[PDB]
Amino acid sequence: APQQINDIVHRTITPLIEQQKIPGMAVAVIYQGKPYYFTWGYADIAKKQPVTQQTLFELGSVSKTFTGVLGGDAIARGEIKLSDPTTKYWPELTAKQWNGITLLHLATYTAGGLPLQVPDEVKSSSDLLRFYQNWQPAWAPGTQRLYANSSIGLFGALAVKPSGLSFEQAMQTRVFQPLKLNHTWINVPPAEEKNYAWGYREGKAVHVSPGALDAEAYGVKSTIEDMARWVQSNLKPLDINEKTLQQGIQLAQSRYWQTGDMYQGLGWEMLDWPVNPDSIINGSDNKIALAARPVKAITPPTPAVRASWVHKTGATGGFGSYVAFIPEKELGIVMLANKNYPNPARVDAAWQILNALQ
Ligand SMILES: O=C(O)c1ccc2c(c1)C(=O)N([C@H](Cc1ccc(O)cc1)C(=O)O)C2=O
């Protein structure tokens with residue numbers, strides 16, 4: 001890499017790994033459109049397998065960026081509308097609290113207090129229906145944001161219904177394949193297990209467990225190469241030759257709601273660039289990120305703003321990830337680690353690197 005990128009990356013990441021006791025890490029910097037890769041430590045401690053550019057990490061809720069783009073792509077295809085009632089795609093959802101709850105509300109965590117987690121009890125299609133039927137909103141639709149797997153998870157499941165495809169097939173054929181993300185998976189195949197890092201929680205090797213709406217909310221695994229390519233695609237959607245996918249990416253970066261200095265997209269979250277690093281850093285802390293916050297509707301939504309800091313944190317029990325990019329500067333970063341360490345440490349390291357190269 002250019003020495004500038006090398007030095008800022010290593011001088012920022014080395015201390016982070018030490019301070020947080022991170023077993024393995026991969027970083028990609030996208031600088032003037034081109035990716036540069038960095039890796040440290042172990043994908044598998046016990047088997048002494050190092051982190052490489054081919055190592056798969058659990059993205060956790062960074063998966064919501066894929067779900068949001070896939071939803072965008074369905075909109076562009078004319079298959080769904082964000083203004084559609086939820087019941088349009090799930091007529092069995094007859095409980096009266098659902099009146100006025102649209103696909104927009106589901107995608108943007110504004111349905112009125114859907115929970116962070118789908119309960120472990122919920123397994124079957126009939127279990128899921130019962131869960132949403134029984135759910136009682138704390139707030140009217142479109143008044144408060146409460147970050148929720150159960151909200152965008154349901155969005156993803158419904159958004160693919162008109163296509164006739166499973167969520168996984170839709171994602172593979174409409175997002176992964178066109179973008180040549182050939183080492184990105186909802187379900188890791190046996191042939192790729194050699195590359196699948198272990199997550200580490202309290203020193204034990206762990207992988208994410210199956211759960212209702214897992215694929216939609218937190219279930220994507222990917223390499224640093226594919227995630228750099230994901231960032232590139234979201235940095236420059238006009239280079240994408242598939243019309244609906246290009247359009248879907250733009251819709252995922254539109255600003256639907258504002259709370260404080262942040263704007264809600266589909267999966268992605270955005271702030272105006274230049275950002276106050278204390279906003280993104282402190283703002284990334286859970287329970288500001290996971291707290292109930294009133295939202296201002298952006299009527300109509302602002303199309304993707306180039307001068308934005310666009311980002312998403314994500315975790316699983318054993319993994320911590322972060323992606324951030326600034327379209328205007330052709331600049332971005334992906335940080336993948338096999339330990340779930342605090343969001344603020346991720347965003348601080350990310351800002352230190354991008355601010356230096358900016
Ligand atoms: O191991 C798992 O099963 C697992 C699954 C999904 C998530 C996490 C862990 C996880 O930590 N997040 C956070 C959100 C979250 C934070 C705290 C918490 O207790 C649950 C979820 C995120 O990525 O946004 C998740 O969304």
# chains A, B, ... in the order shown; residues from 1 in each chain; ligands from 1
$ closest_atom_pairs --of "chain A" --to "ligand 1" --cutoff "7 Å" --atoms "only C-alpha atoms and all ligand atoms" --output "tab-separated table"
residue	atom	partner	partner_atom_place_in_ligand_line	distance
A:60	CA	ligand 1	23 (O)	4.9
A:61	CA	ligand 1	23 (O)	3.9
A:62	CA	ligand 1	23 (O)	6.8
A:116	CA	ligand 1	21 (C)	6.5
A:117	CA	ligand 1	20 (C)	6.7
A:149	CA	ligand 1	26 (O)	6.3
A:208	CA	ligand 1	1 (O)	4.9
A:209	CA	ligand 1	3 (O)	5.7
A:217	CA	ligand 1	26 (O)	6.8
A:218	CA	ligand 1	6 (C)	5.3
A:286	CA	ligand 1	16 (C)	6.9
A:313	CA	ligand 1	23 (O)	6.3
A:314	CA	ligand 1	23 (O)	3.4
A:315	CA	ligand 1	23 (O)	3.7
A:316	CA	ligand 1	9 (C)	3.5
A:317	CA	ligand 1	1 (O)	3.5
A:318	CA	ligand 1	1 (O)	6.5
$ select_by_dssp --residues "segment 64-221 of chain A" --states "strand (DSSP E)" --output "number ranges by chain"
A: 144-145, 199-201, 204-206, 221
$ write_last_selection --atoms "C-alpha atoms" --output "tab-separated table (two decimals), in the first residue's frame"
chain	number	residue	atom	x	y	z
A	144	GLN	CA	-40.23	6.67	17.39
A	145	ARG	CA	-37.18	4.68	16.26
A	199	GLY	CA	-15.79	-16.11	17.01
A	200	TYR	CA	-14.49	-15.76	20.56
A	201	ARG	CA	-16.73	-14.95	23.50
A	204	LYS	CA	-14.71	-19.84	23.95
A	205	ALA	CA	-14.95	-20.48	20.19
A	206	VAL	CA	-18.48	-19.75	19.02
A	221	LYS	CA	-20.72	-14.14	6.52
$ closest_residue --among "A:300, A:6, A:175, A:35" --to "residue 243 of chain A" --atoms "only C-alpha atoms"
A:175
$ residues_around --residues "residue 76 of chain A" --least-positions-apart "5" --cutoff "10 Å" --atoms "only C-alpha atoms" --output "ChimeraX atom specification"
/A:70-71,81,243-249,251
$ write_last_selection --atoms "N, CA and C atoms" --output "PDB file, in the first residue's frame"
ATOM      1  N   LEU A  70     -31.306  -5.179  -1.003  1.00  0.00           N
ATOM      2  CA  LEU A  70     -32.201  -6.160  -1.611  1.00  0.00           C
ATOM      3  C   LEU A  70     -33.654  -5.635  -1.622  1.00  0.00           C
ATOM      4  N   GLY A  71     -34.100  -5.022  -0.531  1.00  0.00           N
ATOM      5  CA  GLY A  71     -35.418  -4.363  -0.508  1.00  0.00           C
ATOM      6  C   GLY A  71     -35.508  -3.237  -1.539  1.00  0.00           C
ATOM      7  N   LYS A  81     -43.712  -1.677  -2.686  1.00  0.00           N
ATOM      8  CA  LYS A  81     -43.578  -0.237  -2.427  1.00  0.00           C
ATOM      9  C   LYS A  81     -43.415  -0.052  -0.934  1.00  0.00           C
ATOM     10  N   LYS A 243     -29.704  -2.335 -13.570  1.00  0.00           N
ATOM     11  CA  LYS A 243     -30.438  -1.093 -13.310  1.00  0.00           C
ATOM     12  C   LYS A 243     -31.131  -1.087 -11.940  1.00  0.00           C
ATOM     13  N   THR A 244     -31.842  -2.168 -11.633  1.00  0.00           N
ATOM     14  CA  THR A 244     -32.594  -2.220 -10.382  1.00  0.00           C
ATOM     15  C   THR A 244     -31.678  -2.276  -9.155  1.00  0.00           C
ATOM     16  N   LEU A 245     -30.501  -2.890  -9.289  1.00  0.00           N
ATOM     17  CA  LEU A 245     -29.554  -2.999  -8.176  1.00  0.00           C
ATOM     18  C   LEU A 245     -28.909  -1.643  -7.923  1.00  0.00           C
ATOM     19  N   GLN A 246     -28.482  -0.965  -8.991  1.00  0.00           N
ATOM     20  CA  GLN A 246     -27.996   0.422  -8.920  1.00  0.00           C
ATOM     21  C   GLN A 246     -29.015   1.291  -8.170  1.00  0.00           C
ATOM     22  N   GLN A 247     -30.260   1.185  -8.602  1.00  0.00           N
ATOM     23  CA  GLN A 247     -31.355   1.949  -8.018  1.00  0.00           C
ATOM     24  C   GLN A 247     -31.600   1.542  -6.571  1.00  0.00           C
ATOM     25  N   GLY A 248     -31.550   0.241  -6.295  1.00  0.00           N
ATOM     26  CA  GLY A 248     -31.733  -0.253  -4.932  1.00  0.00           C
ATOM     27  C   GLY A 248     -30.720   0.287  -3.946  1.00  0.00           C
ATOM     28  N   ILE A 249     -29.458   0.360  -4.377  1.00  0.00           N
ATOM     29  CA  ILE A 249     -28.396   0.950  -3.571  1.00  0.00           C
ATOM     30  C   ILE A 249     -28.685   2.425  -3.259  1.00  0.00           C
ATOM     31  N   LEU A 251     -31.635   3.898  -3.111  1.00  0.00           N
ATOM     32  CA  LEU A 251     -32.781   3.942  -2.191  1.00  0.00           C
ATOM     33  C   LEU A 251     -32.363   3.571  -0.759  1.00  0.00           C
TER      34      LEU A 251
END
$ select_by_dssp --residues "segment 201-264 of chain A" --states "helix (DSSP H, G or I)" --output "PyMOL selection string"
chain A and resi 214-217+224-235+237-239+243-252
$ closest_residue --among "A:43, A:158, A:353, A:288" --to "residue 91 of chain A" --atoms "only C-alpha atoms"
A:158
$ atom_distance --atom1 "atom CA of residue 275 of chain A" --atom2 "atom CA of residue 319 of chain A"
26.5 Å
$ closest_residue --among "A:234, A:343, A:195, A:151" --to "residue 328 of chain A" --atoms "only C-alpha atoms"
A:234
$ decode --residues "segment 264-297 of chain A" --atoms "N, CA, C and O atoms" --output "PDB file, in the first residue's frame"
ATOM      1  N   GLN A 264     -31.756   7.813   9.043  1.00  0.00           N
ATOM      2  CA  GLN A 264     -32.034   6.402   8.786  1.00  0.00           C
ATOM      3  C   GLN A 264     -32.270   6.094   7.314  1.00  0.00           C
ATOM      4  O   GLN A 264     -33.191   6.642   6.684  1.00  0.00           O
ATOM      5  N   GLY A 265     -31.426   5.216   6.766  1.00  0.00           N
ATOM      6  CA  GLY A 265     -31.668   4.642   5.441  1.00  0.00           C
ATOM      7  C   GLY A 265     -32.319   3.271   5.531  1.00  0.00           C
ATOM      8  O   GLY A 265     -32.960   2.929   6.545  1.00  0.00           O
ATOM      9  N   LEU A 266     -32.191   2.488   4.461  1.00  0.00           N
ATOM     10  CA  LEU A 266     -32.582   1.083   4.501  1.00  0.00           C
ATOM     11  C   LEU A 266     -31.320   0.286   4.830  1.00  0.00           C
ATOM     12  O   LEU A 266     -30.478   0.068   3.968  1.00  0.00           O
ATOM     13  N   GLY A 267     -31.200  -0.116   6.095  1.00  0.00           N
ATOM     14  CA  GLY A 267     -29.979  -0.755   6.607  1.00  0.00           C
ATOM     15  C   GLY A 267     -28.894   0.254   6.971  1.00  0.00           C
ATOM     16  O   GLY A 267     -28.486   0.376   8.126  1.00  0.00           O
ATOM     17  N   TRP A 268     -28.428   1.000   5.985  1.00  0.00           N
ATOM     18  CA  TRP A 268     -27.434   2.050   6.237  1.00  0.00           C
ATOM     19  C   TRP A 268     -27.982   3.153   7.119  1.00  0.00           C
ATOM     20  O   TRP A 268     -29.214   3.427   7.136  1.00  0.00           O
ATOM     21  N   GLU A 269     -27.071   3.771   7.865  1.00  0.00           N
ATOM     22  CA  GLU A 269     -27.348   4.982   8.615  1.00  0.00           C
ATOM     23  C   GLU A 269     -26.367   6.042   8.099  1.00  0.00           C
ATOM     24  O   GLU A 269     -25.269   5.706   7.651  1.00  0.00           O
ATOM     25  N   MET A 270     -26.798   7.302   8.066  1.00  0.00           N
ATOM     26  CA  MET A 270     -25.984   8.360   7.461  1.00  0.00           C
ATOM     27  C   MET A 270     -25.905   9.586   8.345  1.00  0.00           C
ATOM     28  O   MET A 270     -26.835   9.881   9.084  1.00  0.00           O
ATOM     29  N   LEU A 271     -24.775  10.289   8.279  1.00  0.00           N
ATOM     30  CA  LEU A 271     -24.650  11.638   8.881  1.00  0.00           C
ATOM     31  C   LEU A 271     -24.049  12.541   7.834  1.00  0.00           C
ATOM     32  O   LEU A 271     -23.352  12.081   6.954  1.00  0.00           O
ATOM     33  N   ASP A 272     -24.292  13.839   7.925  1.00  0.00           N
ATOM     34  CA  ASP A 272     -23.628  14.771   7.004  1.00  0.00           C
ATOM     35  C   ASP A 272     -22.120  14.804   7.214  1.00  0.00           C
ATOM     36  O   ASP A 272     -21.637  14.797   8.340  1.00  0.00           O
ATOM     37  N   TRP A 273     -21.390  14.833   6.109  1.00  0.00           N
ATOM     38  CA  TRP A 273     -19.949  14.993   6.132  1.00  0.00           C
ATOM     39  C   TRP A 273     -19.684  16.477   5.840  1.00  0.00           C
ATOM     40  O   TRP A 273     -20.299  17.037   4.940  1.00  0.00           O
ATOM     41  N   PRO A 274     -18.790  17.120   6.605  1.00  0.00           N
ATOM     42  CA  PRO A 274     -17.947  16.592   7.669  1.00  0.00           C
ATOM     43  C   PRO A 274     -18.710  16.287   8.947  1.00  0.00           C
ATOM     44  O   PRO A 274     -19.634  17.020   9.320  1.00  0.00           O
ATOM     45  N   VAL A 275     -18.337  15.187   9.599  1.00  0.00           N
ATOM     46  CA  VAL A 275     -19.034  14.746  10.790  1.00  0.00           C
ATOM     47  C   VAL A 275     -18.259  15.215  11.985  1.00  0.00           C
ATOM     48  O   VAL A 275     -17.055  15.414  11.927  1.00  0.00           O
ATOM     49  N   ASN A 276     -18.975  15.375  13.079  1.00  0.00           N
ATOM     50  CA  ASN A 276     -18.373  15.535  14.369  1.00  0.00           C
ATOM     51  C   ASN A 276     -18.068  14.121  14.875  1.00  0.00           C
ATOM     52  O   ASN A 276     -18.992  13.365  15.144  1.00  0.00           O
ATOM     53  N   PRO A 277     -16.776  13.766  15.021  1.00  0.00           N
ATOM     54  CA  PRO A 277     -16.417  12.396  15.379  1.00  0.00           C
ATOM     55  C   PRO A 277     -17.030  11.945  16.702  1.00  0.00           C
ATOM     56  O   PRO A 277     -17.353  10.772  16.854  1.00  0.00           O
ATOM     57  N   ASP A 278     -17.214  12.880  17.639  1.00  0.00           N
ATOM     58  CA  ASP A 278     -17.937  12.585  18.874  1.00  0.00           C
ATOM     59  C   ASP A 278     -19.374  12.134  18.612  1.00  0.00           C
ATOM     60  O   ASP A 278     -19.922  11.348  19.377  1.00  0.00           O
ATOM     61  N   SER A 279     -20.000  12.645  17.556  1.00  0.00           N
ATOM     62  CA  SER A 279     -21.348  12.193  17.196  1.00  0.00           C
ATOM     63  C   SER A 279     -21.325  10.721  16.797  1.00  0.00           C
ATOM     64  O   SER A 279     -21.972   9.907  17.451  1.00  0.00           O
ATOM     65  N   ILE A 280     -20.570  10.377  15.752  1.00  0.00           N
ATOM     66  CA  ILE A 280     -20.515   8.980  15.292  1.00  0.00           C
ATOM     67  C   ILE A 280     -19.928   8.045  16.358  1.00  0.00           C
ATOM     68  O   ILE A 280     -20.460   6.953  16.579  1.00  0.00           O
ATOM     69  N   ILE A 281     -18.848   8.472  17.022  1.00  0.00           N
ATOM     70  CA  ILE A 281     -18.205   7.625  18.031  1.00  0.00           C
ATOM     71  C   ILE A 281     -19.160   7.391  19.205  1.00  0.00           C
ATOM     72  O   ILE A 281     -19.560   6.246  19.460  1.00  0.00           O
ATOM     73  N   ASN A 282     -19.553   8.465  19.890  1.00  0.00           N
ATOM     74  CA  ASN A 282     -20.473   8.333  21.024  1.00  0.00           C
ATOM     75  C   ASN A 282     -21.816   7.758  20.567  1.00  0.00           C
ATOM     76  O   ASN A 282     -22.413   6.939  21.271  1.00  0.00           O
ATOM     77  N   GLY A 283     -22.268   8.181  19.382  1.00  0.00           N
ATOM     78  CA  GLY A 283     -23.543   7.732  18.834  1.00  0.00           C
ATOM     79  C   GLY A 283     -23.608   6.241  18.547  1.00  0.00           C
ATOM     80  O   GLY A 283     -24.680   5.652  18.607  1.00  0.00           O
ATOM     81  N   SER A 284     -22.448   5.643  18.241  1.00  0.00           N
ATOM     82  CA  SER A 284     -22.340   4.208  17.965  1.00  0.00           C
ATOM     83  C   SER A 284     -22.480   3.354  19.230  1.00  0.00           C
ATOM     84  O   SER A 284     -22.714   2.148  19.130  1.00  0.00           O
ATOM     85  N   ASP A 285     -22.313   3.962  20.404  1.00  0.00           N
ATOM     86  CA  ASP A 285     -22.453   3.245  21.658  1.00  0.00           C
ATOM     87  C   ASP A 285     -23.885   2.748  21.712  1.00  0.00           C
ATOM     88  O   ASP A 285     -24.825   3.491  21.383  1.00  0.00           O
ATOM     89  N   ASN A 286     -24.025   1.474  22.081  1.00  0.00           N
ATOM     90  CA  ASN A 286     -25.317   0.850  22.285  1.00  0.00           C
ATOM     91  C   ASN A 286     -26.045   1.606  23.384  1.00  0.00           C
ATOM     92  O   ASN A 286     -25.421   2.131  24.325  1.00  0.00           O
ATOM     93  N   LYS A 287     -27.364   1.667  23.261  1.00  0.00           N
ATOM     94  CA  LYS A 287     -28.194   2.477  24.162  1.00  0.00           C
ATOM     95  C   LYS A 287     -27.928   4.028  24.159  1.00  0.00           C
ATOM     96  O   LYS A 287     -28.463   4.768  24.992  1.00  0.00           O
ATOM     97  N   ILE A 288     -27.146   4.502  23.186  1.00  0.00           N
ATOM     98  CA  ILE A 288     -27.724   5.516  22.286  1.00  0.00           C
ATOM     99  C   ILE A 288     -28.193   4.810  20.995  1.00  0.00           C
ATOM    100  O   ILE A 288     -29.311   5.042  20.546  1.00  0.00           O
ATOM    101  N   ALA A 289     -27.383   3.916  20.427  1.00  0.00           N
ATOM    102  CA  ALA A 289     -27.785   3.199  19.187  1.00  0.00           C
ATOM    103  C   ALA A 289     -29.067   2.321  19.353  1.00  0.00           C
ATOM    104  O   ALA A 289     -29.861   2.160  18.401  1.00  0.00           O
ATOM    105  N   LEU A 290     -29.284   1.816  20.572  1.00  0.00           N
ATOM    106  CA  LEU A 290     -30.374   0.861  20.863  1.00  0.00           C
ATOM    107  C   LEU A 290     -31.539   1.471  21.661  1.00  0.00           C
ATOM    108  O   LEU A 290     -32.497   0.757  21.975  1.00  0.00           O
ATOM    109  N   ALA A 291     -31.446   2.768  21.982  1.00  0.00           N
ATOM    110  CA  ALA A 291     -32.459   3.521  22.754  1.00  0.00           C
ATOM    111  C   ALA A 291     -33.669   3.920  21.897  1.00  0.00           C
ATOM    112  O   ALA A 291     -33.546   4.070  20.683  1.00  0.00           O
ATOM    113  N   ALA A 292     -34.811   4.153  22.536  1.00  0.00           N
ATOM    114  CA  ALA A 292     -35.994   4.669  21.853  1.00  0.00           C
ATOM    115  C   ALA A 292     -35.857   6.182  21.681  1.00  0.00           C
ATOM    116  O   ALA A 292     -35.689   6.910  22.664  1.00  0.00           O
ATOM    117  N   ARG A 293     -35.913   6.637  20.437  1.00  0.00           N
ATOM    118  CA  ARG A 293     -35.729   8.039  20.082  1.00  0.00           C
ATOM    119  C   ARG A 293     -36.836   8.531  19.156  1.00  0.00           C
ATOM    120  O   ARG A 293     -37.122   7.892  18.138  1.00  0.00           O
ATOM    121  N   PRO A 294     -37.437   9.704  19.467  1.00  0.00           N
ATOM    122  CA  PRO A 294     -38.405  10.271  18.529  1.00  0.00           C
ATOM    123  C   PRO A 294     -37.726  10.595  17.212  1.00  0.00           C
ATOM    124  O   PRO A 294     -36.584  11.046  17.206  1.00  0.00           O
ATOM    125  N   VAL A 295     -38.420  10.368  16.105  1.00  0.00           N
ATOM    126  CA  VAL A 295     -37.913  10.700  14.791  1.00  0.00           C
ATOM    127  C   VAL A 295     -38.737  11.769  14.081  1.00  0.00           C
ATOM    128  O   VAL A 295     -39.968  11.863  14.246  1.00  0.00           O
ATOM    129  N   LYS A 296     -38.026  12.584  13.306  1.00  0.00           N
ATOM    130  CA  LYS A 296     -38.647  13.521  12.361  1.00  0.00           C
ATOM    131  C   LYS A 296     -38.703  12.851  10.994  1.00  0.00           C
ATOM    132  O   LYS A 296     -37.660  12.396  10.472  1.00  0.00           O
ATOM    133  N   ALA A 297     -39.902  12.778  10.420  1.00  0.00           N
ATOM    134  CA  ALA A 297     -40.078  12.268   9.067  1.00  0.00           C
ATOM    135  C   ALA A 297     -39.428  13.216   8.087  1.00  0.00           C
ATOM    136  O   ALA A 297     -39.552  14.438   8.235  1.00  0.00           O
TER     137      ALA A 297
END
